[PDB]
Amino acid sequence: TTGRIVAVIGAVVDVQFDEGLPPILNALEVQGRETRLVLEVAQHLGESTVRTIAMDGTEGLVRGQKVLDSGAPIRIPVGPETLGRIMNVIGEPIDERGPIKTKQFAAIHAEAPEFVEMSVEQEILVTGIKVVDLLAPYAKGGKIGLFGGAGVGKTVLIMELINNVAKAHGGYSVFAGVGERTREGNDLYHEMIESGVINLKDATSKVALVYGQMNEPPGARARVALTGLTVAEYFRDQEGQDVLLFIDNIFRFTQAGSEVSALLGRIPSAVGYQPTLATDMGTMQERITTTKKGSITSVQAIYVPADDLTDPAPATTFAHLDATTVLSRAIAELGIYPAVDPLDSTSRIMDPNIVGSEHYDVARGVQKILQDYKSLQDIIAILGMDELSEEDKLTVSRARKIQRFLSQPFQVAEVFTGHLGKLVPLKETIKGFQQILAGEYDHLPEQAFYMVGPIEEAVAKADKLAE
Amino acid sequence: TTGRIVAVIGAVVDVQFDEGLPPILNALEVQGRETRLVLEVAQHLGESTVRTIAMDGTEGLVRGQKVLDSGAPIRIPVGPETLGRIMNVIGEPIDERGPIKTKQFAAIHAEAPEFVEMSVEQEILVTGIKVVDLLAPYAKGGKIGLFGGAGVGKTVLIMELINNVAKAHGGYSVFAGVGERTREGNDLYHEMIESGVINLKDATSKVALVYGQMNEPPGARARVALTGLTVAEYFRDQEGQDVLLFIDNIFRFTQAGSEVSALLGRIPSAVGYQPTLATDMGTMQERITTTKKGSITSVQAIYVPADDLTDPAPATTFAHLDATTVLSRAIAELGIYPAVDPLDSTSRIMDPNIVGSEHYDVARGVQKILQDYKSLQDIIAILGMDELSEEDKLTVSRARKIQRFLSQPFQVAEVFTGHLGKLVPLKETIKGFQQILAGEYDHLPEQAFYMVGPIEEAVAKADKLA
Amino acid sequence: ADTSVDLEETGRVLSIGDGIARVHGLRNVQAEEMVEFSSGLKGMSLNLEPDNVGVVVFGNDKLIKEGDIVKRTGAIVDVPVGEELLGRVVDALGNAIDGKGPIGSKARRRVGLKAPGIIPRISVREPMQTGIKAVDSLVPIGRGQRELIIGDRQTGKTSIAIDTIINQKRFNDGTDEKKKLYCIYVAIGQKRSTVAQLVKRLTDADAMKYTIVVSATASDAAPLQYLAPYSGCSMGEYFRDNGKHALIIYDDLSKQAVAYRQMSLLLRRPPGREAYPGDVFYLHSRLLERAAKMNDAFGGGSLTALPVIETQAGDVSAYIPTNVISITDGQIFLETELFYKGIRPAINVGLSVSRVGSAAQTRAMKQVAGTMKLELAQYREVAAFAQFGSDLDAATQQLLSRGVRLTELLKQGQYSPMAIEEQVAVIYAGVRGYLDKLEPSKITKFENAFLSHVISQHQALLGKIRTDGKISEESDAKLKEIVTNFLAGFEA
Ligand SMILES: Nc1ncnc2c1ncn2[C@@H]1O[C@H](COP(=O)(O)OP(=O)(O)OP(=O)(O)O)[C@@H](O)[C@H]1O
Ligand SMILES: Nc1ncnc2c1ncn2[C@@H]1O[C@H](COP(=O)(O)OP(=O)(O)O)[C@@H](O)[C@H]1O
Ligand SMILES: Nc1ncnc2c1ncn2[C@@H]1O[C@H](COP(=O)(O)OP(=O)(O)O)[C@@H](O)[C@H]1O
Ligand SMILES: *N(C(=O)NC1CCCCC1)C1CCCCC1
Ligand SMILES: [Mg+2]
Ligand SMILES: [Mg+2]
Ligand SMILES: [Mg+2]
């Protein structure tokens with residue numbers, strides 16, 4: 001069937017069909033263009049006219065321009081041939097290395113795995129990051145979310161995790177760049193070539209790359225996430241072998257949707273979002289999951305507008321996760337990195353029956369001394385410290401030490417800390433936090449605990465601080 | 001040719017023209033009215049119809065009533081003939097003294113001076129008011145803004161400034177009442193006759209009046225400022241001299257526009273304001289300026305809705321000023337007048353290479369101790385001063401003495417305060433503040449510094465304290 | 001027989017109001033195509049609807065009437081571009097407004113071109129020295145980076161960008177062509193007299209010769225203020241793509257967003273959060289992505305951007321501000337409280353950042369500033385907490401001592417950007433501990449004298465640090481000898 005553009009407003013394009021009317025979600029190819037311009041059918045307005053969202057800029061389009069129905073939703077390359085390659089929203093290579101010679105293609109819109117396909121198994125995935133491993137440990141094949149306002153550490157954390165988990169990883173990885181920094185994509189790409197995680201010469205690449213950054217119009221940012229998870233699904237199902245899936249940043253999927261919502265004719269919901277925020281999010285998120293056929297360990301960076309976690313975007317995201325790592329500006333501002341909020345990060349596996357009561361109790365003990373200090377803070381800032389008991393102030397000093405022992409020099413962060421990166425074993429984390437709680441370090445100065453790895457370095461720094 | 005009214009809603013009137021449509025900004029004359037009713041074309045709606053804004057009451061208009069195209073925008077009288085006279089939005093005399101017989105008329109709309117016409121000479125204008133001269137000095141031919149919430153002192157301040165600058169000015173002045181009190185217009189008019197700046201018997205008048213007060217409909221209030229500034233533009237160029245332009249209150253311009261916008265079909269912007277808020281203000285403010293041809297020293301009183309400086313109206317106004325005097329309700333309640341916030345008032349002239357390093361350093365010094373005191377006030381609110389370090393007690397003390405020395409009795413407020421007004425010379429202002437900062441008066445009681453002129457009066461008062 | 005007014009290449013105004021013309025015809029017009037009104041006035045086709053074209057006017061709309069003729073240009077909006085714009089002041093469309101005549105540019109460029117993708121780029125690594133100690137050490141900028149300058153009115157935002165422009169004169173008058181850096185100052189929504197003072201400031205400093213000034217002031221129509229930023233960015237891409245380096249300042253984007261909101265609402269696009277178009281983020285993300293570092297295969301040139309955002313009541317956490325922060329490669333946050341206490345530049349260290357880090361610094365600067373940012377963050381935390389009279393161990397007392405001294409060394413006056421080897425020299429004296437016993441109120445006087453000293457008598461040391469781009473064991477040994485001795489004399 002052939003159509004004719006009857007209207008253009010930004011990324012939203014109305015096309016008219018004399019005969020066959022393409023169904024919602026079908027991909028239409030615009031004729032007369034230097035580069036492939038795809039339109040996705042969103043609605044049937046009536047009178048043989050459909051409303052669509054463009055997957056690239058609409059500058060240059062004219063009313064009356066011809067449009068062809070491909071007779072299906074956007075279909076992209078999937079399989080071993082995508083490894084080491086970079087694709088865009090519509091599965092075209094963007095690494096200037098030629099065609100992606102795959103034997104199969106797959107639609108980026110798919111039904112989510114059924115309830116009978118779910119898995120309940122859950123095992124610890126140690127990261128080497130003290131706060132995470134201790135307070136809200138991640139799980140193999142589980143859903144992990146990293147929340148954070150602008151510039152608090154989301155990306156640095158995901159890059160560190162890729163470094164500590166995906167290099168060792170024997171399966172395959174998928175990284176989806178969704179409405180983020182193009183510079184970050186060129187960064188990551190050369191980073192991975194160096195680590196040999198990506199190989200341009202042989203066929204030993206272990207990671208597939210998909211990108212649609214903030215330089216692209218909304219249609220592309222609204223579907224690139226689907227593109228990336230579509231690649232991941234093939235590895236999970238058509239190979240079973242373990243898959244890692246990293247998304248920076250999936251909020252951008254929701255923001256893209258809101259950029260065009262009013263143009264799509266919707267009445268705004270609260271805070272200027274599309275009335276379909278939750279359902280839009282559900283049909284996408286329910287695809288990012290481990291199943292009986294295979295496992296997917298997902299790590300998604302989640303933007304928090306105006307630093308307000310009650311914002312509908314981030315707020316509707318908590319329900320799709322197994323482990324939440326919440327990052328705070330108030331903590332980053334203090335030089336504490338990673339800026340994890342110890343009183344707002346959680347894990348479904350933080351249970352004595354899963355991690356052992358030693359792990360559980362120390363974590364729980366750390367949370368208690370911190371909530372207690374926090375509740376104390378404003379009081380002593382006014383009446384001073386002198387009114388506290390010797391024990392009440394002994395917790396004030398350990399609380400501050402513990403808060404400092406949660407900070408950590410990331411390997412990936414060397415260019416920022418001026419410190420050599422550090423990786424701490426789980427047992428060493430528990431031990432260290434346990435000892436401080438027990439009082440075995442009340443004589444060392446606070447700064448000894450700041451920006452170090454294992455508790456030994458705290459002792460050694462204290463020595464380096466003495467004289 | 002003639003057109004006809006097809007619709008009327010408040011100040012908004014639609015008119016159809018079968019032949020020859022009148023361009024945007026043109027002035028139309030409604031027929032069958034006892035007094036001149038002008039309609040200003042705002043837009044071409046289509047189907048030979050135009051949407052316009054009335055400059056006066058629309059009661060009595062009927063669908064079908066005839067409307068005439070005057071062939072140009074509102075034009076008013078300009079020149080020496082406006083001096084001592086009072087006019088309204090559309091150039092009509094409202095002082096009952098007969099016709100204004102000028103040889104020149106001018107449209108109240110016009111493009112703002114071009115970039116190549118801007119001036120870059122920076123020269124101070126000493127007001128004799130301590131806070132202003134020290135911390136955020138005014139500049140000859142610069143733009144001055146006076147921000148203030150309800151009844152905090154904007155009018156008193158602009159009047160003191162007229163009393164301290166306009167009187168001792170060789171050139172002419174223009175005062176524009178925009179959406180304010182009519183009886184304030186009556187007081188001003190009689191005050192200027194008394195002082196001789198206005199003369200109804202000779203040609204010595206030095207001030208021209210333009211009024212469109214809070215009794216006027218939106219369209220009028222939305223345009224009176226253009227009218228006032230148009231009179232000042234003439235004196236600026238068509239005489240090549242120095243002009244003073246006083247306006248109370250330019251906020252009313254934006255508020256009036258907000259009233260008609262609600263009827264022009266626009267989708268509302270934040271806080272219900274017109275979407276064109278910034279550009280409406282821009283094409284108007286950019287005309288209030290000094291050029292290479294002549295200078296305009298402007299003083300605009302700026303109202304602050306609900307005392308919220310982040311309100312779009314005020315917040316958008318900051319960008320148009322060379323000096324900003326922000327009045328504070330909390331300061332006024334402390335008895336300190338003028339109620340100027342010493343830390344939120346700025347001047348593009350506060351530069352060592354302009355005012356000198358001594359003046360520059362004394363201002364930075366005052367603001368430094370005021371800010372340090374401010375940072376303490378939080379801890380003082382609960383426990384008080386008695387809990388401060390013997391050192392913080394000291395910054396507190398000097399700070400509080402400085403806050404009061406910034407205060408000063410006005411000549412124009414004598415009629416109700418009962419205190420002789422004061423005018424302190426800039427050299428005397430720097431010195432006084434230097435001495436307090438250096439500690440030379442740590443032994444003088446606070447109250448000695450409140451509501452006086454020069455430093456010597458503080459010591460004297462500290463003596464009458466026996 | 002007269003076919004000059006067909007409805008494919010021409011149209012007629014259906015209605016006109018508030019810079020929006022609704023046009024009948026123009027059947028063959030392209031989305032985002034420039035069109036022209038009978039009046040000589042230009043406009044842009046944004047809304048392509050079945051019965052009309054929605055046109056945005058680039059000038060005073062009072063000149064347009066119902067029925068006027070509108071003509072296609074066949075060209076997507078673009079502007080003049082090249083070196084002929086250096087030393088000139090132009091409007092949003094590229095027209096001269098400085099009264100020095102026509103710009104004889106020999107090339108043009110689309111204002112909406114998409115930013116370079118992954119392949120054409122390469123990691124940011126070349127220093128973009130502002131010449132401001134606090135910036136160059138704590139939040140370093142590299143060529144092709146984007147770094148936001150944000151803060152309430154009058155906190156010092158414009159000043160950082162001006163000094164930064166003036167600073168390049170070292171390299172622009174130099175012989176090393178690779179070090180050159182052309183500047184672009186985009187003025188949006190400002191007052192014309194303010195822009196004139198500005199260009200007079202740059203002329204006096206002799207920086208106007210390497211700068212392009214793009215001005216869409218307060219009385220310029222909304223669409224003109226909306227375009228301005230994209231126009232100057234294209235002028236910047238000319239350098240970026242022709243093996244050179246350019247620096248762009250958008251002062252400011254708060255006002256550009258207000259104009260976008262105006263134009264968008266008048267086009268009847270339903271308002272979003274805070275009355276802004278639901279796509280304000282994309283307005284700015286799109287623009288700033290255009291600042292980039294190109295790889296050698298692509299000429300190796302670059303475009304660096306310093307956007308400006310004005311906060312309300314020091315609220316960096318609001319919507320507009322977090323949007324833009326979420327785009328840039330860092331931000332410089334300034335607060336009025338610090339500005340008044342004497343901390344100028346008024347930078348808040350914990351809240352500012354650089355996403356490029358030491359990779360944008362010379363080895364020398366990294367050798368003295370490497371751990372200083374985190375340390376100064378911890379210093380401010382403990383300083384607030386110690387006010388609680390609590391007993392302080394030697395460790396915290398030393399941190400306080402060190403923090404208060406460094407705070408003084410990062411103070412800096414205006415209009416005198418420092419050479420990198422000179423910043424390295426003064427940073428060194430503090431970070432190495434030599435000033436821990438000097439009264440804090442003396443640190444500014446010390447620095448002024450120490451610096452004139454090394455510049456007067458130690459040009460070789462300064463020159464070696466600059467040439468090697470590092471502090472050798474030898475250079476290190478000589479600095480120690482200089483500071484200890486000079487200090488002793490100073491405290492005599
Ligand atoms: N390092 C500095 N030392 C002293 N004064 C400074 C310094 N930097 C800026 N200033 C002064 O602070 C004042 C405000 O500076 P500036 O105009 O750059 O701030 P802004 O954030 O751009 O304000 P605006 O709202 O006017 O745009 C000016 O008088 C300027 O000279
Ligand atoms: N773990 C860390 N250690 C040191 N600095 C960090 C760390 N995480 C973030 N930062 C600093 O904060 C900046 C912003 O972090 P980033 O991960 O890019 O934020 P976002 O959450 O916005 O993606 C980094 O470029 C760096 O300067
Ligand atoms: N300089 C001043 N000295 C004494 N009282 C003042 C001064 N300025 C204002 N006030 C007090 O505040 C009142 C309101 O001042 P006014 O200028 O009329 O308010 P507004 O800011 O609304 O224009 C005055 O009547 C007087 O009581
Ligand atoms: N860099 C990073 O993950 N890449 C390198 C780090 C050193 C070891 C090899 C991989 C990060 C990318 C995001 C910003 C911070 C640095
Ligand atoms: Mg990020
Ligand atoms: Mg008043
Ligand atoms: Mg500025």
Side-chain angles (χ1 to χ4, degrees), chain A residues 6-9 57-64 86 94-96 149-151 181-183 185-187 189-190 211 213-218 255 258-259 261-263 268 271-272 303 305-307 329 332-335 337 380-381 384-386 415-419 445-448 450-451 465, chain C residues 27-32 47-50 76 112 114-119 121-124 144 269-270 272-273 278-279 281-282 285-286 289 292-293 317-319 322 325-327 329-331 350-351 353 355-359 366 370-371 374-375 377-378 381-382 388-390 393 395-396 399:
Chain A
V6 293
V8 184
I9 320 284
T58 55
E59 76 304 321
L61 290 192
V62 180
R63 296 162 297 172
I86 315 176
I94 39 175
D95 55 3
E96 276 175 14
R181 292 176 186 81
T182 292
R183 167 185 78 75
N186 176 103
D187 308 322
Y189 185 50
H190 295 279
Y211 279 88
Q213 305 288 250
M214 63 171 86
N215 64 336
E216 308 277 5
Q255 186 194 40
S258 88
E259 297 198 352
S261 185
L263 289 183
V271 197
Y303 182 74
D307 286 357
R329 204 179 296 280
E333 186 176 7
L334 310 175
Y337 288 109
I380 60 197
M385 211 102 105
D386 289 40
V415 286
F416 305 119
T417 61
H419 290 53
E446 258 169 29
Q447 285 301 295
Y450 180 63
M451 273 295 283
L465 284 173
Chain C
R27 277 293 142 185
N28 287 351
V29 85
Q30 292 161 293
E32 294 182 50
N47 277 39
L48 297 208
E49 297 175 29
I76 304 302
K114 181 185 295 186
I118 293 79
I119 271 51
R121 297 169 179 255
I122 209 200
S123 282
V124 167
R269 283 146 184 205
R273 179 176 183 158
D279 68 349
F281 155 83
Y282 179 52
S285 83
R286 183 163 88 229
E289 272 265 312
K293 166 67 197 168
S317 288
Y319 177 55
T322 53
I325 287 172
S326 85
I327 292 159
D329 299 318
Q331 69 285 161
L351 295 177
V353 302
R355 308 215 194 206
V356 175
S358 64
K366 172 180 173 203
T371 61
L374 290 191
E375 164 180 3
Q378 273 290 290
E381 191 289 301
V382 71
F388 313 155
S390 327
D393 45 290
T396 134
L399 169 58

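Sequence lines set the chain letters: A, B, ... in the order given, protein chains first and strands last, and positions in each chain run from 1.
With hydrogens and angles disregarded, no donor-acceptor distance shorter than 3.5 Å links the side chain of C:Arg27 to the backbone of A:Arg63. When atom types are taken as modelled, the side chain of A:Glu59 and the backbone of C:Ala31 share no donor-acceptor pair closer than 3.5 angstrom. At least one donor-acceptor pair closer than 3.5 Å links the side chain of A:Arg181 to the backbone N or O of C:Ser326. In this structure, the side chain of C:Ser317 does not engage the main chain of A:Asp307 through any donor-acceptor pair within 3.5 Å.
Both the backbone and the side chain of A:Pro445 have a heavy atom closer than 4.5 Å to some heavy atom of chain C. Only the side chain of C:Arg269 comes within contact range of chain A, with at least one heavy atom under 4.5 Å from a heavy atom of that chain. Only the side chain of C:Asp393 comes within less than 4.5 Å of a heavy atom of chain A; its backbone N, CA, C and O stay farther away. Contacts between C:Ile76 and chain A at a heavy-atom distance below 4.5 Å involve the side chain alone, from C-beta outward. Proximity to chain A involves both the backbone and the side chain of C:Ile327, based on heavy atoms less than 4.5 angstrom apart. Contacts of C:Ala115 with chain A are made by both backbone and side-chain atoms, with heavy-atom separations under 4.5 Å.
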Under the criterion side chain to side chain contact (heavy atoms under 4.5 Å, CB included), I'd like the reasoning laid out for C:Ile118 against A:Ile86: C-alpha separation, chi angles, the key distance, then a yes or no. CA-CA 9 Å; C:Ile118 293 79; A:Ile86 315 176; 4.1 Å; yes
- Item | Pair C:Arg355-A:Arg183, side chain to side chain contact (heavy atoms under 4.5 Å, CB included): steps then yes or no | CA-CA 11 Å; C:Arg355 308 215 194 206; A:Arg183 167 185 78 75; 3.7 Å; yes
Steps toward side-chain hydrogen bond (donor to acceptor under 3.5 Å, both in side chains) verdict (C:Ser123, A:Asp187)
CA-CA 6 Å; C:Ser123 282; A:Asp187 308 322; 2.9 Å; yes
Test log, rule side chain to side chain contact (heavy atoms under 4.5 Å, CB included), inputs A:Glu216 and C:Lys114:
CA-CA 8 Å; A:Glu216 308 277 5; C:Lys114 181 185 295 186; 2.6 Å; yes
Between C:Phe281 and A:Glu259, does the side chain to side chain contact (heavy atoms under 4.5 Å, CB included) criterion hold? Intermediate values first, please.
CA-CA 9 Å; C:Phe281 155 83; A:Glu259 297 198 352; 3.7 Å; yes
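When all heavy atoms are compared, the tightest approach of A:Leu334 to C:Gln378 is O-NE2, 2.8 Å. The two residues C:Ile119 and A:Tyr189 come nearest to each other via the heavy atoms CD1-CE2, 4.3 Å.
In terms of heavy-atom pairs under 4.5 angstrom with chain C, the leader among A:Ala150, A:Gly272, A:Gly335, A:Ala262 is A:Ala150. With respect to chain C, the highest number of heavy-atom pairs below 4.5 Å among A:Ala448, A:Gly151, A:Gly64 belongs to A:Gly151. Among the candidates A:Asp95, A:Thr58, A:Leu465, the residue making the largest number of heavy-atom pairs closer than 4.5 Å to chain C is A:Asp95. Across C:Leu399, C:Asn28, C:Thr396, C:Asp329, the residue that shares the most heavy-atom pairs under 4.5 angstrom with chain A is C:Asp329.
Here OG1 of C:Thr371 is found 6.0 Å from NE2 of A:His419. Values are rounded to the nearest 0.5 Å. Atom CD1 in C:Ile325 sits 5.5 Å away from atom CZ in A:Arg329 (nearest 0.5 Å). Here C:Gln30 contributes atom CD and A:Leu61 contributes atom CG; the two are 9.0 Å apart, rounded to the nearest 0.5 Å. For the atom pair C:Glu375 CD and A:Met451 CE, the distance stands at 12.0 Å (nearest 0.5 Å).
For A:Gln213 and C:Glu289, the side-chain atoms include no donor-acceptor pair closer than 3.5 Å.
The closest side-chain heavy-atom distance from C:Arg273 to A:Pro305 is below 4.5 Å. Put simply, the side chain of C:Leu374 does not reach to within 4.5 Å of the side chain of A:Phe416, judged on heavy atoms.
In terms of the side-chain hydrogen bond (donor to acceptor under 3.5 Å, both in side chains) criterion, C:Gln331 has no residue partners (sequence neighbours excluded).
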